[PDB]
Undergrad: 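First the structure, then my questions, so here it is.
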Amino acid sequence: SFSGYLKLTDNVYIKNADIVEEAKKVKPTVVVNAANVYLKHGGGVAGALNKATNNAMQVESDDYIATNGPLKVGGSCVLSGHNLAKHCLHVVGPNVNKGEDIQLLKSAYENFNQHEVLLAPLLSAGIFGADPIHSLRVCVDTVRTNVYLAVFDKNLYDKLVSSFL
Ligand SMILES: CC(=O)Nc1cc(Br)c[nH]c1=O
């Protein structure tokens, strides 16, 4: 199972880890992708997860969008986890660099409550432009299921743990 995580709360755990390497190691039931509404996995966590699937995640995602249309900001969809997980929960957090409402971050985290255990990144963090300290606070105050957070950057991981109230 998950190893080397620091326990933040009853149900939230955190580790300084590459979420692709973590997923390939654990092969969790659910890996969360930091998706956009179009499921265009170009960069950040989405680009890294997609590249690990040899683009199979993008091929599957384009078929999903062709059939269903784009997701909503704050929404999600369950697709295959390919070689990384049983399932991938593609969750759209608000992209602050697109003027999207930061209040949608709580709605985005609510998607995690439909899964008993998840491997996930901090939503809206990184290239999505939100404050990762704020994302972690919304995560612990919204998610009730067991969430194992992988934070890629060591310096950000240390800042998140040392400032966690
Ligand atoms: C290649 C790459 O984008 N690496 C990662 C970035 C972030 Br943010 C999270 N996890 C990663 O594995």
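Counting starts at 1 for both ligands and their atoms, in listed order. Just so you know, these numbers use all the heavy atoms, side chains as well, and skip hydrogens, waters and symmetry mates. When a residue number appears, it is its place in the shown sequence, counting from 1.
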Undergrad: Find out if a path of hydrophobic residues (ILVMFWY) with successive side-chain heavy-atom gaps under 4.5 Å connects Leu122 to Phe152.
TA: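 No, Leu122 does not connect to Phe152 through the hydrophobic network.
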Undergrad: Would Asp62 and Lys40 pass as an ion pair if we require N to O under 4.0 Å?
TA: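 A salt bridge is present here (some side-chain N lies under 4.0 Å from a carboxylate O).
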Undergrad: Running the 4.5 Å side-chain criterion over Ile, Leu, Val, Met, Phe, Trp and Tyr, what cluster does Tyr148 land in, apart from itself?
TA: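 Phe2, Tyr5, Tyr13, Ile19, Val20, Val26, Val31, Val45, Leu49, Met57, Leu84, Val117, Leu119, all in the cluster of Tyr148.
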Undergrad: Tabulating one pair per line, provide the atom names and distances (0.1 Å) for every N/O atom of ligand 1 that is less than 3.5 Å from a protein N/O atom.
TA:
residue  : atom   : partner : partner atom : Å
ligand 1 : 3 (O)  : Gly44   : O            : 3.4
ligand 1 : 12 (O) : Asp18   : OD1          : 2.5
ligand 1 : 12 (O) : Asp18   : OD2          : 3.4

Undergrad: Would you mind listing the cluster partners of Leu39? Hydrophobic ones only (ILVMFWY), side-chain contacts under 4.5 Å, chaining allowed.
TA: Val37, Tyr38, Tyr64, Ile65, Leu71, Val73, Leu79, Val92, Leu104
Undergrad: Under the side-chain contact (heavy atoms from CB on, under 4.5 Å) test, which residues partner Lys98, sequence neighbours left out?
TA: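 Testing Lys98 for side-chain contact (heavy atoms from CB on, under 4.5 Å), a comparison that skips the adjacent residues, returns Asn36, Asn95, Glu100.
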Undergrad: Can you measure from CD (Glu22) to NZ (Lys27) and round to the nearest 0.5 angstrom?
TA: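 Between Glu22 CD and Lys27 NZ, I get 13.0 Å after rounding to 0.5 Å.
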